[PDB]
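Pasting model.cif here (mmCIF, C-alpha atoms; chains and numbers go by the auth columns):
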```
data_data
loop_
_atom_site.group_PDB
_atom_site.id
_atom_site.type_symbol
_atom_site.label_atom_id
_atom_site.label_comp_id
_atom_site.label_asym_id
_atom_site.label_seq_id
_atom_site.Cartn_x
_atom_site.Cartn_y
_atom_site.Cartn_z
_atom_site.B_iso_or_equiv
_atom_site.auth_seq_id
_atom_site.auth_asym_id
ATOM 1 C CA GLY A 1 111.249 77.950 83.767 0.00 1 A
ATOM 2 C CA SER A 2 111.248 79.840 80.443 0.00 2 A
ATOM 3 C CA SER A 3 114.424 81.883 79.836 0.00 3 A
ATOM 4 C CA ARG A 4 116.403 80.922 82.963 0.00 4 A
ATOM 5 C CA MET A 5 117.121 77.488 84.488 0.00 5 A
ATOM 6 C CA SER A 6 116.597 76.739 88.201 0.00 6 A
ATOM 7 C CA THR A 7 119.986 75.790 89.700 0.00 7 A
ATOM 8 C CA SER A 8 119.503 75.492 93.484 0.00 8 A
ATOM 9 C CA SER A 9 118.173 71.920 93.797 0.00 9 A
ATOM 10 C CA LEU A 10 116.921 72.202 97.400 0.00 10 A
ATOM 11 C CA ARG A 11 114.814 69.418 98.960 0.00 11 A
ATOM 12 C CA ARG A 12 112.283 70.329 101.680 0.00 12 A
ATOM 13 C CA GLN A 13 111.939 73.017 104.380 0.00 13 A
ATOM 14 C CA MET A 14 110.768 72.818 108.015 0.00 14 A
ATOM 15 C CA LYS A 15 107.575 74.402 109.403 0.00 15 A
ATOM 16 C CA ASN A 16 107.033 78.167 109.804 0.00 16 A
ATOM 17 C CA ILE A 17 107.321 80.707 112.647 0.00 17 A
ATOM 18 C CA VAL A 18 105.281 79.671 115.710 0.00 18 A
ATOM 19 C CA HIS A 19 102.571 82.310 116.270 0.00 19 A
ATOM 20 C CA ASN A 20 102.710 81.282 119.949 0.00 20 A
ATOM 21 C CA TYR A 21 105.988 82.857 121.131 0.00 21 A
ATOM 22 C CA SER A 22 107.058 80.326 123.789 0.00 22 A
ATOM 23 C CA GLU A 23 110.858 80.338 124.224 0.00 23 A
ATOM 24 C CA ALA A 24 111.085 81.759 127.766 0.00 24 A
ATOM 25 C CA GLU A 25 111.775 78.420 129.508 0.00 25 A
ATOM 26 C CA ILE A 26 115.019 78.416 127.477 0.00 26 A
ATOM 27 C CA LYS A 27 115.952 82.031 128.283 0.00 27 A
ATOM 28 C CA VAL A 28 115.406 81.727 132.055 0.00 28 A
ATOM 29 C CA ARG A 29 117.548 78.562 132.194 0.00 29 A
ATOM 30 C CA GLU A 30 120.447 79.968 130.139 0.00 30 A
ATOM 31 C CA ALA A 31 120.034 83.124 132.268 0.00 31 A
ATOM 32 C CA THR A 32 120.544 81.419 135.650 0.00 32 A
ATOM 33 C CA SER A 33 123.635 79.592 134.342 0.00 33 A
ATOM 34 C CA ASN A 34 125.931 80.502 131.422 0.00 34 A
ATOM 35 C CA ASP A 35 128.471 77.690 131.930 0.00 35 A
ATOM 36 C CA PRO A 36 128.675 77.033 128.189 0.00 36 A
ATOM 37 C CA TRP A 37 128.945 79.832 125.601 0.00 37 A
ATOM 38 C CA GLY A 38 126.489 81.513 123.203 0.00 38 A
ATOM 39 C CA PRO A 39 125.086 84.958 122.428 0.00 39 A
ATOM 40 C CA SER A 40 125.894 87.644 125.028 0.00 40 A
ATOM 41 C CA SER A 41 123.488 90.542 124.372 0.00 41 A
ATOM 42 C CA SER A 42 120.730 90.652 127.020 0.00 42 A
ATOM 43 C CA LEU A 43 119.169 87.276 127.910 0.00 43 A
ATOM 44 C CA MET A 44 117.694 88.744 131.119 0.00 44 A
ATOM 45 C CA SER A 45 115.886 91.433 129.088 0.00 45 A
ATOM 46 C CA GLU A 46 114.333 88.631 127.006 0.00 46 A
ATOM 47 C CA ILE A 47 112.830 86.679 129.928 0.00 47 A
ATOM 48 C CA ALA A 48 111.273 89.965 131.102 0.00 48 A
ATOM 49 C CA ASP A 49 109.714 90.804 127.720 0.00 49 A
ATOM 50 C CA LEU A 50 108.217 87.309 128.080 0.00 50 A
ATOM 51 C CA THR A 51 106.623 87.906 131.500 0.00 51 A
ATOM 52 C CA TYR A 52 104.380 90.503 129.832 0.00 52 A
ATOM 53 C CA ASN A 53 102.768 87.544 128.034 0.00 53 A
ATOM 54 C CA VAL A 54 100.717 85.029 129.958 0.00 54 A
ATOM 55 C CA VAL A 55 102.397 81.685 129.244 0.00 55 A
ATOM 56 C CA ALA A 56 106.115 82.389 129.055 0.00 56 A
ATOM 57 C CA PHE A 57 105.713 84.287 132.346 0.00 57 A
ATOM 58 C CA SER A 58 104.529 81.198 134.267 0.00 58 A
ATOM 59 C CA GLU A 59 107.291 79.170 132.570 0.00 59 A
ATOM 60 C CA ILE A 60 109.847 81.804 133.637 0.00 60 A
ATOM 61 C CA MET A 61 109.242 82.294 137.381 0.00 61 A
ATOM 62 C CA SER A 62 108.487 78.551 137.541 0.00 62 A
ATOM 63 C CA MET A 63 111.921 77.399 136.315 0.00 63 A
ATOM 64 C CA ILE A 64 113.343 80.199 138.497 0.00 64 A
ATOM 65 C CA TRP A 65 111.788 78.668 141.643 0.00 65 A
ATOM 66 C CA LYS A 66 113.248 75.191 140.999 0.00 66 A
ATOM 67 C CA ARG A 67 116.851 76.334 140.414 0.00 67 A
ATOM 68 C CA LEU A 68 116.286 78.693 143.369 0.00 68 A
ATOM 69 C CA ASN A 69 116.011 75.806 145.847 0.00 69 A
ATOM 70 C CA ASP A 70 118.957 73.740 144.564 0.00 70 A
ATOM 71 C CA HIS A 71 120.711 71.297 146.921 0.00 71 A
ATOM 72 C CA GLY A 72 123.224 72.191 149.660 0.00 72 A
ATOM 73 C CA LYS A 73 126.244 71.732 147.365 0.00 73 A
ATOM 74 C CA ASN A 74 125.993 74.147 144.417 0.00 74 A
ATOM 75 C CA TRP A 75 123.997 77.297 145.267 0.00 75 A
ATOM 76 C CA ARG A 76 125.450 78.819 142.073 0.00 76 A
ATOM 77 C CA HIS A 77 122.129 78.077 140.330 0.00 77 A
ATOM 78 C CA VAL A 78 120.274 79.811 143.188 0.00 78 A
ATOM 79 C CA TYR A 79 122.246 83.079 143.006 0.00 79 A
ATOM 80 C CA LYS A 80 121.700 83.177 139.226 0.00 80 A
ATOM 81 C CA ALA A 81 118.000 82.463 139.846 0.00 81 A
ATOM 82 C CA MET A 82 117.791 85.552 142.083 0.00 82 A
ATOM 83 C CA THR A 83 119.095 87.811 139.290 0.00 83 A
ATOM 84 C CA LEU A 84 116.377 86.642 136.882 0.00 84 A
ATOM 85 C CA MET A 85 113.688 86.857 139.583 0.00 85 A
ATOM 86 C CA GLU A 86 114.780 90.387 140.553 0.00 86 A
ATOM 87 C CA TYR A 87 115.227 91.647 136.972 0.00 87 A
ATOM 88 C CA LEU A 88 111.837 90.366 135.758 0.00 88 A
ATOM 89 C CA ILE A 89 110.049 91.620 138.896 0.00 89 A
ATOM 90 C CA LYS A 90 111.132 95.096 137.721 0.00 90 A
ATOM 91 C CA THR A 91 111.141 95.449 133.913 0.00 91 A
ATOM 92 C CA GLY A 92 109.725 91.926 133.482 0.00 92 A
ATOM 93 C CA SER A 93 106.131 92.967 134.251 0.00 93 A
ATOM 94 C CA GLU A 94 103.624 93.734 137.033 0.00 94 A
ATOM 95 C CA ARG A 95 102.684 90.036 137.245 0.00 95 A
ATOM 96 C CA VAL A 96 106.239 88.912 138.080 0.00 96 A
ATOM 97 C CA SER A 97 106.211 91.153 141.176 0.00 97 A
ATOM 98 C CA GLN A 98 102.738 90.004 142.269 0.00 98 A
ATOM 99 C CA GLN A 99 103.908 86.374 142.282 0.00 99 A
ATOM 100 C CA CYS A 100 106.929 87.378 144.388 0.00 100 A
ATOM 101 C CA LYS A 101 104.572 88.673 147.096 0.00 101 A
ATOM 102 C CA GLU A 102 102.458 85.500 146.867 0.00 102 A
ATOM 103 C CA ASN A 103 105.625 83.383 147.133 0.00 103 A
ATOM 104 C CA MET A 104 107.680 85.478 149.584 0.00 104 A
ATOM 105 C CA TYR A 105 108.355 82.268 151.545 0.00 105 A
ATOM 106 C CA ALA A 106 110.253 80.935 148.509 0.00 106 A
ATOM 107 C CA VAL A 107 112.490 84.009 148.127 0.00 107 A
ATOM 108 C CA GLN A 108 113.100 84.067 151.899 0.00 108 A
ATOM 109 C CA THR A 109 113.833 80.326 152.148 0.00 109 A
ATOM 110 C CA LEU A 110 117.208 81.257 150.612 0.00 110 A
ATOM 111 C CA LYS A 111 118.255 83.670 153.388 0.00 111 A
ATOM 112 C CA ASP A 112 118.330 80.583 155.636 0.00 112 A
ATOM 113 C CA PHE A 113 119.491 78.121 152.950 0.00 113 A
ATOM 114 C CA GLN A 114 123.006 77.599 154.350 0.00 114 A
ATOM 115 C CA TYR A 115 125.084 74.467 153.655 0.00 115 A
ATOM 116 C CA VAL A 116 128.828 73.739 153.384 0.00 116 A
ATOM 117 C CA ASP A 117 129.070 69.927 153.175 0.00 117 A
ATOM 118 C CA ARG A 118 130.208 67.942 156.238 0.00 118 A
ATOM 119 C CA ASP A 119 133.293 70.191 156.394 0.00 119 A
ATOM 120 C CA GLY A 120 133.942 72.983 153.863 0.00 120 A
ATOM 121 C CA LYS A 121 134.101 76.801 153.715 0.00 121 A
ATOM 122 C CA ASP A 122 131.249 79.259 154.384 0.00 122 A
ATOM 123 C CA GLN A 123 130.878 80.747 150.880 0.00 123 A
ATOM 124 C CA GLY A 124 127.078 80.493 150.564 0.00 124 A
ATOM 125 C CA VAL A 125 126.559 84.071 151.802 0.00 125 A
ATOM 126 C CA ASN A 126 126.446 85.896 148.450 0.00 126 A
ATOM 127 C CA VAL A 127 123.193 83.975 147.860 0.00 127 A
ATOM 128 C CA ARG A 128 121.853 84.463 151.409 0.00 128 A
ATOM 129 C CA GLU A 129 121.879 88.273 151.149 0.00 129 A
ATOM 130 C CA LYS A 130 120.769 88.063 147.495 0.00 130 A
ATOM 131 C CA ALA A 131 117.408 86.410 148.236 0.00 131 A
ATOM 132 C CA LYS A 132 116.904 88.793 151.184 0.00 132 A
ATOM 133 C CA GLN A 133 117.395 91.745 148.802 0.00 133 A
ATOM 134 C CA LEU A 134 114.712 90.662 146.299 0.00 134 A
ATOM 135 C CA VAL A 135 112.237 90.610 149.206 0.00 135 A
ATOM 136 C CA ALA A 136 113.532 93.910 150.641 0.00 136 A
ATOM 137 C CA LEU A 137 112.921 95.995 147.494 0.00 137 A
ATOM 138 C CA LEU A 138 109.601 94.276 146.682 0.00 138 A
ATOM 139 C CA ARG A 139 108.659 95.240 150.262 0.00 139 A
ATOM 140 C CA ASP A 140 110.663 97.950 152.070 0.00 140 A
ATOM 141 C CA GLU A 141 108.107 98.905 154.750 0.00 141 A
ATOM 142 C CA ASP A 142 105.037 97.014 156.026 0.00 142 A
ATOM 143 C CA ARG A 143 101.828 98.397 157.575 0.00 143 A
ATOM 144 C CA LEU A 144 101.620 96.122 160.645 0.00 144 A
ATOM 145 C CA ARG A 145 101.181 92.484 159.550 0.00 145 A
ATOM 146 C CA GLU A 146 98.388 90.249 160.901 0.00 146 A
ATOM 147 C CA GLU A 147 99.077 86.487 160.917 0.00 147 A
ATOM 148 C CA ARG A 148 97.525 84.261 163.610 0.00 148 A
#
```
Encoding of this model in structure tokens:
Amino acid sequence: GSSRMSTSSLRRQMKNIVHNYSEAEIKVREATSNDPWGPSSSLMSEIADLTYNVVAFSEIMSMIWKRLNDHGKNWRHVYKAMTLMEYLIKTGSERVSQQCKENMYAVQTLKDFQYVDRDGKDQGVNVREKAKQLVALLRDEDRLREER
């Protein structure tokens, strides 16, 4: 320069901050399964703050529906998917609850999702009642249905 001498050589830097906040797909996943380690502050609260948006929201409930219908061997992903679908439906946003009513068959498909391998133990109940709960709160009483 003039009086000082640059010391930090440095080479090149990456891009900049993405103006399109789109990191929900990662939160939802790490939220329905924390096998590994990482930050432990409030991942669920993050996926909800994303529902408010318009993109991240669809990427959130979407990944939540897939892990919600896992196979009949490890419902662990399903139970975790119910916590993210129930948390977002509340603080997440008003759009996360509307989708739950439009996809009630998906949240109810878990109440019947029962499997214990050819011969194992019946431990897939925690998830059975879980899915039933998400639908109970989102709809406690009904005003006479009407399906032909």
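Proximity ranking of A:25, A:94, A:46, A:102 relative to residue 64 in chain A places A:25 first, based on all atoms listed in the file.
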* Closest to residue 63 in chain A among A:117, A:30, A:122, A:140, using all atoms listed in the file? ->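 With all atoms listed in the file as the atom set, the closest residue is A:30.
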* Would you list the contacts of residue 125 in chain A as JSON, numbers by chain, taking every protein, DNA or RNA residue within 10 Å and counting all atoms listed in the file, but skipping same-chain residues closer than 5 positions in sequence? => {"A": [75, 79, 110, 111, 112, 113, 114, 115, 130]}
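Taking only C-alpha atoms into account, residue 91 in chain A lies nearest to A:49 out of the set A:70, A:119, A:49, A:23.
Residues with any atom within 9 Å of residue 83 in chain A, counting only C-alpha atoms and excluding same-chain neighbours fewer than 3 positions away, are residues 31, 32, 44, 78, 79, 80, 86, 87, 88, 130 and 134 of chain A.
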Selected residues, C-alpha atoms, written as an mmCIF file, in the frame of the given file, please.
```
data_model
loop_
_atom_site.group_PDB
_atom_site.id
_atom_site.type_symbol
_atom_site.label_atom_id
_atom_site.label_comp_id
_atom_site.auth_asym_id
_atom_site.auth_seq_id
_atom_site.Cartn_x
_atom_site.Cartn_y
_atom_site.Cartn_z
ATOM 1 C CA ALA A 31 120.034 83.124 132.268
ATOM 2 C CA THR A 32 120.544 81.419 135.650
ATOM 3 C CA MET A 44 117.694 88.744 131.119
ATOM 4 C CA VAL A 78 120.274 79.811 143.188
ATOM 5 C CA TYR A 79 122.246 83.079 143.006
ATOM 6 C CA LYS A 80 121.700 83.177 139.226
ATOM 7 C CA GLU A 86 114.780 90.387 140.553
ATOM 8 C CA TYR A 87 115.227 91.647 136.972
ATOM 9 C CA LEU A 88 111.837 90.366 135.758
ATOM 10 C CA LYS A 130 120.769 88.063 147.495
ATOM 11 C CA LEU A 134 114.712 90.662 146.299
#
```
* Calculate how many Å separate CA of residue 123 in chain A from CA of residue 136 in chain A, rounding to one decimal. =>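 Separating CA of residue 123 in chain A from CA of residue 136 in chain A is a distance of 21.8 Å.
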* Give the answer as one residue: which of A:18, A:61, A:76, A:106 has the shortest atom-to-atom distance to residue 132 in chain A, using all atoms listed in the file? =>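 So, comparing all the options, the nearest one is A:106.
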* With distances taken over all atoms listed in the file, which of A:34, A:45, A:103, A:126 is nearest to residue 65 in chain A? -> A:103
Box dimensions and centre (Å, one decimal) enclosing range 117-127 of chain A, axis-aligned, 8 Å extra per side, as AutoDock Vina command-line options:
```
--center_x 128.6 --center_y 76.9 --center_z 152.1 --size_x 26.9 --size_y 34.0 --size_z 24.5
```
* Suppose you want the space between CA of residue 142 in chain A and CA of residue 127 in chain A; what is it in Å? ->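 One can read the CA of residue 142 in chain A to CA of residue 127 in chain A distance as 23.8 Å.
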Contacts of residue 100 in chain A at 9 Å or less, counting all atoms listed in the file, minus same-chain residues fewer than 5 places along, as a compact mmCIF listing (two decimals) with C-alpha atoms, in the coordinates of the input?
```txt
# COMPACT_ATOMS: atom_id res chain seq x y z
CA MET A 61 109.24 82.29 137.38
CA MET A 85 113.69 86.86 139.58
CA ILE A 89 110.05 91.62 138.90
CA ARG A 95 102.68 90.04 137.24
CA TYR A 105 108.36 82.27 151.54
CA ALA A 106 110.25 80.94 148.51
CA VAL A 107 112.49 84.01 148.13
CA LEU A 134 114.71 90.66 146.30
CA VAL A 135 112.24 90.61 149.21
CA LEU A 138 109.60 94.28 146.68
```
* Figure out the distance between CA of residue 43 in chain A and CA of residue 84 in chain A, please, to one decimal in Å. => 9.4 Å
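Between residue 22 in chain A and the candidates A:7, A:99, A:62, A:51, the tightest atom-to-atom separation, counting only C-alpha atoms, involves A:51.
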